[PDB]
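Numbering (the entry's author numbering), first residue to last: 1 to 461.
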């Protein structure tokens, strides 16, 4: 991805967008009961913590576009992946505005907590005014879709979340490129059935984990993998994507019955943005807040790994490439060992920066002992080894519980962390519960005991 031009939203007739200047993150009742080194991310150029220019930092992710055309390897990757998807017999029909807005089997209803994007964010209109579960009314939106249409600018917000100290000082805050409710609805109508097929089929056929449930899915992953695992991390995956990867994605879509609406992908690729009082154009780069961002990033990851394997290992048998991606995150395998270091070198030629899996200093063998996916390890259960525990490190949980955005959501936030924490074992969990109950707020929460979580987990399969 690369910014082609940036200038005053007024010079081009666009309104200034208001972006909160203060974080909603404040120390929680457990701030001092647990150890943690993370702080709220810089949300403005004035933040006393900044040790470098803010604007430069937040846009530095667009490192450029490395490749221009879809080469031979990419085309073969396209053919093979499209070939796999065809076996799912995905309903290629468009989705009725109704299901597209209020959900249906395989597709949750639009989230009312997220921005409605332009122009509504300048007209002060909110999603709650437009839709409404009860009636499941198309009327109002149908009306807004004729008035403003689609292909509207993307509203860019700085993500309000916890970041390391070093990323605070370097203004390395993440951005949320929010789309208009119009486009969000259009695409869900256009690709809704695609989204649903993926959500209902996490695994090695879709090569996607989007919409999965770790508690159950972790037990199926080892079975789906080939003998030898390989992985690696991406630096700025989304922003590094070149236009060619979007073209390859369009090729896959056309091959499975959606050439009908591949123009939509063009907007993800060549995108128009509004940030503050500025407007900019980006060539390439997957926008963070669009409908289908996760699934399209996962599909592209499936094309990328295939491409890098074909380019590095002529004769490779892709039918035995067993991989599962969640956006840029991926867990993959092959019957024979492969060199992630080599794959990484080929990656640069495609505009991708790959590094040792999980911040390793060097590319080392990936094992069931050290592999992670969605930040979780894999640990076979002591009593029933065929059941696999997705193990989220307690450090992650400790960082999260030390902060809050809404004291009214304390119960849900803490309960959620408990559903992640117990997998670390009964001893660890009870210590976690003990610390939570060492302060008044914690003692008033309705939290599940270990035995209860464990027995319910055993019964869920």
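From the three backbone atoms N, C-alpha and C, an ideal C-beta is built for every residue, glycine too.
Residue 199 versus residue 298 - alpha carbon distance:
12 angstroms
Nearest by alpha-carbon distance to residue 191: which of 263, 460 and 415 is it?
263
Ignore the nearest five residues each way along the sequence and tell me which others in residue 238's own chain have a CB closer than 6 angstroms to its CB.
Hits under 6 angstroms: 286.
Comparing alpha-carbon positions, which option in 120, 193, 149 and 141 lies nearest residue 93?
The residue with the shortest Cα to Cα distance from residue 93 is 193.
What are the boundary residues of the beta strand (DSSP E) that includes residue 231?
Counting along the chain, residue 231 falls outside any beta strand (DSSP E), and DSSP gives it neither H nor E.
Cβ contact check for the segment 317-325 and the segment 299-309: 3 or more pairs under 8 angstroms
yes
Please classify residue 245 as buried or exposed, where buried requires at least 16 other C-beta atoms within 10 Å of its C-beta.
buried
Quick one: residues in its chain with C-beta nearer than 7 angstroms to the C-beta of residue 420, no 5 flanking neighbours on either side, listed in chain order?
392 and 397
Tell me, which residues are paired with residue 281 by DSSP?
5 and 272
What is the residue span of the alpha helix (DSSP H) that residue 44 lies within?
Premise fails: residue 44 is in no alpha helix (DSSP H) and is neither H nor E.
Is the beta carbon of residue 374 sitting closer than 8 angstroms to the one on residue 214?
yes
Any contact of the segment 273-284 with the segment 7-18, i.e. 3+ C-beta pairs under 8 angstroms?
yes
Residue 158 to residue 267 span [Cα, whole Å]:
The alpha-carbon separation between residue 158 and residue 267 amounts to approximately 21 angstroms.
Check this for me: beta carbons of residue 117 and residue 178, under 8 angstroms apart or not?
Contact annotation: residue 117 and residue 178 have beta-carbon atoms nearer than 8 angstroms.
Do residue 358 and residue 367 have their beta-carbon atoms positioned less than 8 angstroms apart in this structure?
no
Going by the beta-carbon positions, is the gap between residue 150 and residue 288 smaller than 8 angstroms?
no
In the DSSP assignment, the beta strand (DSSP E) including residue 95 goes from what residue to what residue?
Segment: none, residue 95 is in no beta strand (DSSP E) and carries neither H nor E.
Once you ignore the five residues that flank residue 5 on each side, which residues in its own chain have a CB closer than 6 angstroms to its CB?
Take residue 5, set aside five residues on each side of it, and the residues of its chain with a beta-carbon closer than 6 angstroms to its own are 281, in chain order.
Are residue 436 and residue 447 close, meaning C-beta to C-beta below 8 angstroms?
yes
Inter-residue spacing [alpha-carbon to alpha-carbon] between residue 76 and residue 355:
25 angstroms
Buried or exposed: where does residue 235 fall if 16 or more other Cβ atoms within 10 Å of its Cβ makes it buried?
Around the beta carbon of residue 235, fewer than 16 other beta carbons sit within 10 angstroms, so the residue counts as exposed.
Kindly indicate which three-state DSSP category residue 161 falls into: helix, strand or coil?
coil
Am I right that residue 51 and residue 142 are in contact with their C-beta atoms under 8 angstroms? What's the rounded C-beta distance?
Rounded, the Cβ-Cβ distance is 50 angstroms, inconsistent with contact.
Is it the case that the CB of residue 355 approaches a heavy atom of the ligand NAP more closely than 7 angstroms?
By its list of ligands, the structure shown contains no ligand whatsoever, and the ligand NAP lies outside what it can speak to.
Pick from 247, 108, 222 and 283 that is closest to residue 211, judged by C-alpha positions:
108
Let me know the secondary structure DSSP gives residue 443 once reduced to three states.
helix
Pick from 221, 311 and 387: whose alpha carbon is nearest that of residue 330?
221
Every unbroken beta strand (DSSP E) inside the segment 117-184 [3 residues or more]
154-158 and 175-178
Does the segment 30-41 come close enough to the segment 396-413 that 3 or more CB-CB pairs lie under 8 angstroms?
They touch, by the three-pair rule.
Taking DSSP as the reference, what is the three-state secondary structure of residue 361?
Collapsing the DSSP output to three states places residue 361 in coil.
Could you say which of 119, 144, 125 and 128 lies nearest to residue 153 if we only look at CA atoms?
119
Using a threshold of 8 angstroms, state whether the C-beta atoms of residue 241 and residue 64 are closer than that.
No; because the gap between Cβ atoms is not below 8 angstroms, this pair is not in contact.
Just reading off the beta strand (DSSP E) that residue 221 is part of, what are its end residues?
Per DSSP, residue 221 belongs to no beta strand (DSSP E); it is in the alpha helix (DSSP H), 221-224.
Endpoints, the beta strand (DSSP E) within which residue 323 is located
322-326
Segment limits, beta strand (DSSP E) that includes residue 334:
329-334
DSSP bridge partner residues for residue 63 (one or two, in chain order):
Partner(s): none; residue 63 has no beta bridge.
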